[PDB]
Amino acid sequence: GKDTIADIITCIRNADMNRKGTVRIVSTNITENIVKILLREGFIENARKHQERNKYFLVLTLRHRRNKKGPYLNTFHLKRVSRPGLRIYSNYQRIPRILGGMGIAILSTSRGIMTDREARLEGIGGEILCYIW
Amino acid sequence: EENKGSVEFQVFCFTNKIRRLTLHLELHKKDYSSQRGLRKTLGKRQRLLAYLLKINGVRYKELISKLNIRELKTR
Amino acid sequence: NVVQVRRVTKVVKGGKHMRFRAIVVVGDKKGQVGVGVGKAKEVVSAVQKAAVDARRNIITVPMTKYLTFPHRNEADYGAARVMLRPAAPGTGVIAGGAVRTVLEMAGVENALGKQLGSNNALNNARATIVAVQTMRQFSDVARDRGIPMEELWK
RNA sequence: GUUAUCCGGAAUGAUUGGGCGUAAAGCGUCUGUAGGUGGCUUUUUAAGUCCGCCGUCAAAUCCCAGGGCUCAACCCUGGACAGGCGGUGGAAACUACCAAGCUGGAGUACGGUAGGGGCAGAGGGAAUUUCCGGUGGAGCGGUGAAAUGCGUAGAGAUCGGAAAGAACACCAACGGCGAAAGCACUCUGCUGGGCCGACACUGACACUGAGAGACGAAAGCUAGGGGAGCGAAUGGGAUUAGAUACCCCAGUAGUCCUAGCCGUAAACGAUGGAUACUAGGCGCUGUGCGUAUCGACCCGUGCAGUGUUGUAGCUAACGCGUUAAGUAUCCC
Ligand SMILES: [Mg+2]
Ligand SMILES: [Mg+2]
Ligand SMILES: [Mg+2]
Ligand SMILES: [Mg+2]
Ligand SMILES: [Mg+2]
Ligand SMILES: [Mg+2]
Ligand SMILES: [Mg+2]
Ligand SMILES: [Mg+2]
Ligand SMILES: [Mg+2]
Ligand SMILES: [Mg+2]
Ligand SMILES: [Mg+2]
Ligand SMILES: [Mg+2]
Ligand SMILES: [Mg+2]
Ligand SMILES: [Mg+2]
Ligand SMILES: [Mg+2]
Ligand SMILES: [Mg+2]
Ligand SMILES: [Mg+2]
Ligand SMILES: [Mg+2]
Ligand SMILES: [Mg+2]
Ligand SMILES: [Mg+2]
Ligand SMILES: [Mg+2]
Ligand SMILES: [Mg+2]
Ligand SMILES: [Mg+2]
Ligand SMILES: [Mg+2]
Ligand SMILES: [Mg+2]
Ligand SMILES: [Mg+2]
Ligand SMILES: [Mg+2]
Ligand SMILES: [Mg+2]
Ligand SMILES: [Mg+2]
Ligand SMILES: [Mg+2]
Ligand SMILES: [Mg+2]
Ligand SMILES: [Mg+2]
Ligand SMILES: [Mg+2]
Ligand SMILES: [Mg+2]
Ligand SMILES: [Mg+2]
Ligand SMILES: [Mg+2]
Ligand SMILES: [Mg+2]
Ligand SMILES: [Mg+2]
Ligand SMILES: [Mg+2]
Ligand SMILES: [Mg+2]
Ligand SMILES: [Mg+2]
Ligand SMILES: [Mg+2]
């Protein structure tokens, strides 16, 4: 667990590729905020919190199989960017946009976490956490 | 009894099991299996000490003067 | 459109038993394309089987009002890797052999493409197809995400 | 047009943009110093980071907008994105710092239990060889077939004695421990790890590792012992055109022990390490729980490791598939 963000991302990517709607992830300010945002973009069905032995778990419901499990036209991609090895930042005029804007880019900035959309409205740059397709 | 998990107690238990192991390592010199363990445990103790030096300078110096532990290699 | 003609060989106690492989792609030039491969003794019959096979394998390429791709995409088949990205109208289709004939036969007017990795004509054709198959069009990402078009445009 | 030079194409030195099971490629294996990265919560600070404003980064060139040589090249005017450095004003999410906290990571104690882990010291029996006898009296031994060889100075065979060294039948198993090399007749002693169950405790003490250190099959070497069997070298006998080989008969180093050196192997899973996460089926080893009886099963299960098929996914194919060669992060 050297990187927590990357790990959440991964648990999703994996549970996704295996055609399961339900994922357990471990919560954190970052985790929680990212998932909130994921919901308001609409990449994921529903979130909720659980607690046991002072451990928090966000379970994520995921978008249902595409008109069967065998015939899938679409998957749901995720990619880590700024990672412990190399941290990537961008000013306002380099803010990434994904597939012409079909996908979303998550940014940690001075005003908190957001998408690239928010960053453009408010005129802010910052650290690029990940991309989502 | 005291703290059995405390830094200083652990470092003690280690220093002690090591000086104990020393006699066996002297009598049977061909036992490498055991020596490998010695080197491991000494490693542990050395780690804890480095940690403790980071966290509390005073408790550290007190400890290595107390248990007669050789002075650290950061000098 | 015959992309490639090769003479593959089976070997028998007699000698070399020669066949022709044909790699052929079909399109309407209107946004419908497919690939097919065939084998026979004569150029002609191979070509034909190639046609017939492609016609039963065929798919559709998502197009934009200017005749290009919705978005940037990669693709992978075997050692063939393929990179397509949309272009401004008036740049035409710039690419290499498999990728370019498939693209062009689909009716894509403006596209950037490059095949990285291998050069096999065939796997590059298939790869191109997997690329343009996974192309999502905006109406559909707006339908998936459950968000109005004008919101994603921004 | 040809030659020379440079960049391209070349993803062919790869940040964007590759690889290391079999294609070139994972140190033989660990321990560990610098170095890099490192869980969660609150606060602080503001070094990175971000936003605004100012100074400057000469003119020419490149880029945009006009104008002049009849056009163009070329010249002239005006202006600017990048990107850099420096000052100042703000933001505080993330990295970093500062203060206090938290256990699920890492450890410590406690109690269990399995084991060819290792070193040392005792003890054991088969079998083989030689020697000393008794019997017996012509061949033994060996090969594809022979011969060298051993034997009337009594061989082999068989019984009875001693003596010596080395290796440990059955158990043994697609089983056990070990970091790897390897470790098995038995036993005792000194000791290294492992794993499991309990909150008992500390509270990030972590992971990796350039240099460096320790261990490291066999052959080999130095010194002293020891010397049955086997057996390089060597010799004889064959076979063969030849036979410096294969086969046979002998047989020295060496194999063994003590104290060292050497540091190489297809040292192989041809697979560096740690962490997280992703179907099953059938098996085994250790323990724990509930059930079964109240002690052996039995069942279902929790872990820890170990084996065989196989889904997703991966791959050039073969195949790999929770013990990944899958999906990601960090170091070498
Ligand atoms: Mg910058
Ligand atoms: Mg590939
Ligand atoms: Mg190419
Ligand atoms: Mg290059
Ligand atoms: Mg790279
Ligand atoms: Mg390569
Ligand atoms: Mg080879
Ligand atoms: Mg190789
Ligand atoms: Mg290895
Ligand atoms: Mg080495
Ligand atoms: Mg280490
Ligand atoms: Mg360190
Ligand atoms: Mg740190
Ligand atoms: Mg953190
Ligand atoms: Mg200038
Ligand atoms: Mg002009
Ligand atoms: Mg003019
Ligand atoms: Mg000018
Ligand atoms: Mg500037
Ligand atoms: Mg500045
Ligand atoms: Mg803060
Ligand atoms: Mg702290
Ligand atoms: Mg005996
Ligand atoms: Mg006799
Ligand atoms: Mg093991
Ligand atoms: Mg023990
Ligand atoms: Mg405390
Ligand atoms: Mg090294
Ligand atoms: Mg040595
Ligand atoms: Mg040896
Ligand atoms: Mg010699
Ligand atoms: Mg012999
Ligand atoms: Mg000879
Ligand atoms: Mg002999
Ligand atoms: Mg020796
Ligand atoms: Mg080597
Ligand atoms: Mg190797
Ligand atoms: Mg049973
Ligand atoms: Mg397991
Ligand atoms: Mg296998
Ligand atoms: Mg398998
Ligand atoms: Mg591979």
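Residues numbered from 1 in each chain as written, not as in the entry; some residues may be left out. Chains lettered and ligands numbered in written order. Part of a larger assembly, values for the part shown. Heavy atoms only, no water.

- By the method listed in its record, cryo-EM, this PDB entry was determined to a resolution of 3.6 Å.

Examining the pairing of strand β6 (residues 80-86) of chain C
All names here are of chain C.
Thought 1: With 5 bridges joining them, strand β5 (residues 73-77) and β6 adopt antiparallel strand pairing. What sits directly across from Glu 74, in β6, is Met 83.
Thought 2: In sequence, β5 turns back onto β6 through a hairpin of 2 residues, with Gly 78 there showing a positive phi of about 50°.
Thought 3: Examined bridge by bridge, β6 and strand β8 (residues 111-117) share 7 bridges and lie antiparallel to one another. Within β8, the position partnered with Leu 84 by the bridge is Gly 113. (Pairing = 2+ DSSP bridges. Helix = DSSP H or I, 4+ residues; strand = E, 2+ residues; numbered from the N terminus.)

Overview of the domain arrangement of chain C
Residues and elements named next belong to chain C.
Thought 1: Structurally, chain C comprises domain 1 (1-60) and domain 2 (61-154).
Thought 2: When each unit is reduced to the centre of its C-alpha atoms, the spacing between domain 1 and domain 2 is 24 Å.
Thought 3: On the domain 2 side, the residues contacting the 17 residues of domain 1 number 14 residues.
Thought 4: Across the domain 1 to domain 2 interface the summed buried area is about 1,300 Å²; carbon plus sulfur atoms make up 74%.
Thought 5: Linking domain 1 with domain 2 are 1 salt bridge.
Thought 6: We note a salt bridge from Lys 29 to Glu 104, for which the minimum N-O separation is 3.9 Å.
Thought 7: Taken together, domain 1 and domain 2 are joined by 3 residue pairs in polar contact.
Thought 8: Contributing elements (two or more residues each) for the side of domain 1 that touches domain 2: β1 (2-11), β2 (16-27), β3 (32-40) and β4 (59-60).
Thought 9: Split into classes, the residues belonging to the side of domain 1 that touches domain 2 amount to 8 nonpolar, 6 polar and 3 charged. (Domains from an automatic or database assignment. Contact = heavy atoms within 4.5 Å. Buried area = accessible area lost by both parts, 1.4 Å probe. Salt bridge = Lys/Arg side-chain N within 4 Å of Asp/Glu carboxyl O. Polar contact = N/O pair within 3.5 Å; in protein donor to acceptor, adjacent residues only side chain to side chain. Nonpolar A, V, L, I, M, F, W, Y, C, P; charged D, E, K, R; others polar.)

Overview of the layout of surface pockets
Thought 1: Size it by volume and the largest pocket reaches roughly 1,400 Å³.
Thought 2: Forming the walls of the largest pocket are 41 residues, and the residues nearest its centre are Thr 75, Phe 76 and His 77 of chain A together with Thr 134 and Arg 136 of chain C.
Thought 3: For the lining of the largest pocket, the elements supplying multiple residues, two or more each, are α1 (4-17) and β4 (78-80) of chain A together with β5, β6 and α3 (121-133) of chain C.
Thought 4: Of the residues forming the lining of the largest pocket, the biggest block, 4 residues, is contributed by β5 of chain C.
Thought 5: Considering only residue class, the lining of the largest pocket consists of 16 nonpolar, 9 polar and 16 charged.
Thought 6: Reported here for the second largest pocket is a volume of approximately 390 Å³.
Thought 7: Lining the second largest pocket are 14 residues, with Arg 66, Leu 73 and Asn 74 of chain A together with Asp 140 and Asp 144 of chain C positioned closest to its centre.
Thought 8: In terms of residues, the lining of the second largest pocket owes the most to one element, helix α4 (residues 138-145) of chain C, which gives 3 residues.
Thought 9: Residues of the lining of the second largest pocket, tallied by class, amount to 3 nonpolar, 5 polar and 6 charged. (1 Å grid on protein atoms, 1.4 Å probe; cavity = no way out; pocket = protein on both sides within 12 Å on 5 of 7 lines; lining within 4 Å. Points joined across faces, edges and corners; volume = space filled by probe spheres on them.)

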